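Peer 1: Handing you a structure now.
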Ligand code: HEM
Ligand code: HEM
Ligand SMILES: CNCc1cc(OCc2ccc3ccc(N)nc3c2)ccc1Cl
Ligand SMILES: CNCc1cc(OCc2ccc3ccc(N)nc3c2)ccc1Cl
Ligand SMILES: C[C@H](O)[C@H](O)[C@H]1CNc2nc(N)[nH]c(=O)c2N1
Ligand SMILES: C[C@H](O)[C@H](O)[C@H]1CNc2nc(N)[nH]c(=O)c2N1
Ligand SMILES: [Zn+2]
């Protein structure tokens, strides 16, 4: 009947229609000829204005004053500002709304049930790399909260015409070093080889552990990036042990508490925030499956399987599956023991299903990237696997941006 | 124009140029991607061009493009369509077409096997009774005492203004699902509807969890007929577990032969509404989806309790632990019974090789990531880390409406 994508849940037999996708102003990578959904990575005053008008409309709607005098005056104010400066500036509450809407709009995030609970730190007054470090340390302190983790974003000054960007060079605020060895292998996190060598080129004295916390490379406008070492007491980590396998603790594994992505671009109303780090808490599979077991990450699956005395000589023993499960259990158990916020992939996907239903009512749909939403272990054991999803780009948005170097 | 395809484990990059050969629209648009949807929302010059294109594919395959035989065949097809509005395939063309359709199936992880397919021509079928004989032979051939062999049986194509030949069941072997009035379902819930259709067409039902359904076979414009498969034809594997002695006591089992029977085979514009095909199972289909899906046999909690796991909380990973043991039991049991089966690691590893073979052969390979990646231990398999391009090539297997 309805001229909108029909979305089915095959577990429950229920049907919805996504009408929200009609609000998408930006094309993705797919066409009627081929679907590129699995691909990881696929102003003129006029363009800015329409984006800005769209956002201001979004803002006034969200506060139920659409069509009002203050709405029309804000529109006039934004246009006039662009008229004389080529850009414009957000009011504080507009920044807060946009930051939250960016998260709410993120198709790849399974944690969006939490989207309304986001502490927005306005750092648009920051004017140095040293000052960025202060703001970041404060973010880490607040967000970590001794293990009772709190979602937060710190927004630094927006991209400005004829002036360099504020950039955090590191992909997350907390990252383990990856040291390339003489034998070609990697000690530490192979994901972080490039940033590690960049840190060294910039005067960092490197360690040689598997879990050396990297220093921050922070870049203020039109300046070389400066190197900042995080005070270790600010960086909460959890040593990994297993509830029953006593040898697991002897592996010396660990992960940091705070997932704090820092290389993403926050776009709101056409304004571009090139440095706006944000953090929540981990879903246990990110650490236990991906970071610890990916072939091109720590790759600990065989080591653990051997300790479990599994038959690693044949696929059909399911040694990989068994080990992966116990590694994930260790992550959950250790985070719980340490009283550091974490969520398993069952609890998380269940809560995302609740989120989908909320957004169905609130907005007529929810953009979602099935491949990213479904967890990397136990896929069909979670409800989201059986849930069809429509993927599309809404704005405000978090966007990938090229590396500053 | 041409999609850049990256593998994130190895850093390697391909470019898919095969997708330019797609003549059929999928469900995605620039505005929104619908790749996770399971089913699609919904003259003679058209047929003639699909026909020419296919005959072209065929003669290129035998390396005789531009040969007089190729040219003569094109005129044959053209002459037949111009006169009758349709045409017919030579057996050798049908055999090529069927293999290509498997090859082009974006959702199939087992396509490394594509060139190895026994094709039974059943186009000289005029009755449900004859369909039954062909089906029995197919099952006999394909089962081969546990040494499974991939096969397809092809029934007469669709004709204008005439009902279709159809097999009503979704697979040649399916377990009954009986809806007990107390809300529940005994058996396989996926088969409630087909079970009920069977009963209304005269089948005396069982009352078990693994009662093998009769086939409802339909010749054109006739009511379907009921046929009970001879039990000796249907090979089943009792499930036990290598170390957990109690597992066998669950009374679990599954059939050897996965033989899908409700898909339509399109070749060169011609449509074969009844063309059942079979290979062998990947263990996760049985151990994860069929046995553990909440809307299937849903045995997770039962197994977990037997393993004395803490069911109270999600964070004990009782679901993940139980699922792994069930998958192991399926593998163990099939191996013990000498019945062909492939685990999801072996399967996905061979699929990566297939992607590589196809890159060299055709310049790409249509694949549906969401279906290729197994339902447990996704990122533990190489396909998780492989970008894939999805699109429709012909010959193709397609979904079609239920005939009732
Ligand atoms: C509060 C608890 C949260 C949980 C459990 C959570 C969970 C996740 C997970 C599992 C992913 C997939 C990441 C990967 O596989 O690498 C993800 C992605 C993402 N998250 Fe959330 N998240 C949370 C909070 C947040 C917050 C506070 C923000 C921003 C305000 C956010 C924005 C995003 C974005 C933009 C992505 C996509 C990343 C990409 O494409 O690279 N998340 N999230
Ligand atoms: C020989 C061993 C084979 C293996 C191990 C295998 C594996 C699989 C698996 C795991 C799926 C996903 C099915 C599901 O989740 O329900 C699938 C789908 C599919 N397979 Fe294969 N397969 C094999 C042979 C074949 C053959 C012989 C054909 C046809 C001649 C075929 C054509 C297809 C098609 C068309 C689909 C998609 C069905 C749909 O979209 O619902 N496969 N295969
Ligand atoms: C393109 N950058 C890839 C990349 C993504 C990363 O994480 C994505 C991401 C983003 C936001 C998250 C929020 C919460 C959470 N638990 N995980 C989250 C994970 C981390 C490092 C890199 Cl290098
Ligand atoms: C309409 N229901 C869809 C459906 C799809 C099914 O599987 C598709 C399918 C097709 C070919 C296969 C080949 C081999 C294999 N192991 N599984 C295969 C699975 C099975 C039953 C049903 Cl009921
Ligand atoms: C090729 C594929 O898109 C890629 O490996 C994706 C798949 N799904 C994912 N899902 C999440 N949550 N995170 C990821 O990094 C990925 N990687
Ligand atoms: C909604 C989602 O697309 C649906 O559950 C799909 C996901 N991937 C799948 N993959 C396979 N192999 N088989 C399936 O039935 C499905 N179902
Ligand atoms: Zn798509």
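Positions of Cβ are backbone-derived with ideal geometry, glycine not excepted, and every protein chain shown enters the neighbour counts. Here, each number is a calculation from the coordinates, and none is a lab measurement.
Peer 1: Of all the residues that make up region B:82-108, how many are away from chain A (no Cβ under 14 Å) and within 16 Å of ligand 4 (Cβ to nearest atom)?
Peer 2: Residues meeting the conditions: 8.
Peer 1: Identify the residue in region B:13-41 that is outside any loop (DSSP other than H, G, I, E, B) and crowded, with 19+ Cβ neighbours inside 10 Å and, among all such residues, is farthest from the other protein chains (Cβ to nearest Cβ).
Peer 2: Selected residue: B:14.
Peer 1: At least 2 residues that are over 21 Å from residue B:342 (Cβ atoms), more than 14 Å from chain A (Cβ to nearest Cβ) and away from ligand 6 (no atom under 16 Å from the Cβ) in each: list the strands (runs of 3 or more DSSP E) lying fully within region B:211-307 that qualify.
Peer 2: Qualifying strands (runs of 3 or more DSSP E): B:215-218, B:225-227, B:264-267, B:270-272.
Peer 1: Does any residue of region B:203-213 turn out to be over 23 Å from residue B:399 (Cβ atoms), in contact with a helix residue (DSSP H, G or I) (Cβ under 7 Å, 6 or more places away or on another chain) and away from ligand 4 (no atom under 16 Å from the Cβ)?
Peer 2: yes
Peer 1: Continuing with the same structure: Could you list, in sequence order, the residues of region B:331-355 that are more than 10 Å from chain A (Cβ to nearest Cβ) and either out of contact with any strand residue (DSSP E or B) (no Cβ under 6 Å at 6 or more places or on another chain) or not in a helix (DSSP H, G or I) (or both)?
Peer 2: Hits for region B:331-355 are B:336, B:337, B:338, B:339, B:340, B:350, B:351, B:352, B:353, B:354, B:355.
Peer 1: Moving on. So, in region A:355-381, exactly how many residues are under 16 Å from residue A:108 (Cα atoms) and touching a helix residue (DSSP H, G or I) at 6+ places or on another chain (Cβ under 8 Å)?
Peer 2: Residues that pass the stated criteria total 13.
Peer 1: Another one. Assuming residue A:136 fulfils every condition listed in (1) over 13 Å from residue A:279 (Cβ atoms); (2) out of contact with any helix residue (DSSP H, G or I) (no Cβ under 6 Å at 6 or more places or on another chain) apart from one, which condition is it?
Peer 2: With (1) over 13 Å from residue A:279 (Cβ atoms); (2) out of contact with any helix residue (DSSP H, G or I) (no Cβ under 6 Å at 6 or more places or on another chain) applied to residue A:136, the lone miss is (1).
Peer 1: Sticking with this structure for a sec: Does any residue of region A:356-372 turn out to be within 16 Å of ligand 6 (Cβ to nearest atom), outside any loop (DSSP other than H, G, I, E, B) and within 10 Å of another protein chain (Cβ to nearest Cβ)?
Peer 2: Looking for residues that are within 16 Å of ligand 6 (Cβ to nearest atom), outside any loop (DSSP other than H, G, I, E, B) and within 10 Å of another protein chain (Cβ to nearest Cβ), one finds at least one in region A:356-372, hence yes.
Peer 1: Now for a different question. Quick test for you: out of A:98, A:86, A:67, A:116, pick the one residue that is surrounded by fewer than 20 Cβ atoms within 10 Å (Cβ to Cβ) and either out of contact with any helix residue (DSSP H, G or I) (no Cβ under 9 Å at 6 or more places or on another chain) or closer than 30 Å to residue A:352 by Cα (or both).
Peer 2: None of the others qualify; the one that does is A:116.
Peer 1: If you go through region B:100-129, how many residues are under 13 Å from the mean Cα position of the chain (by Cα) and away from ligand 7 (no atom under 16 Å from the Cβ)?
Peer 2: Residues flagged as under 13 Å from the mean Cα position of the chain (by Cα) and away from ligand 7 (no atom under 16 Å from the Cβ) within region B:100-129 amount to 10.
Peer 1: Residue A:316 passes all but one of (1) surrounded by fewer than 21 Cβ atoms within 10 Å (Cβ to Cβ); (2) within 16 Å of ligand 5 (Cβ to nearest atom); (3) within 13 Å of another protein chain (Cβ to nearest Cβ); which number fails?
Peer 2: Single failed check for residue A:316: (2).
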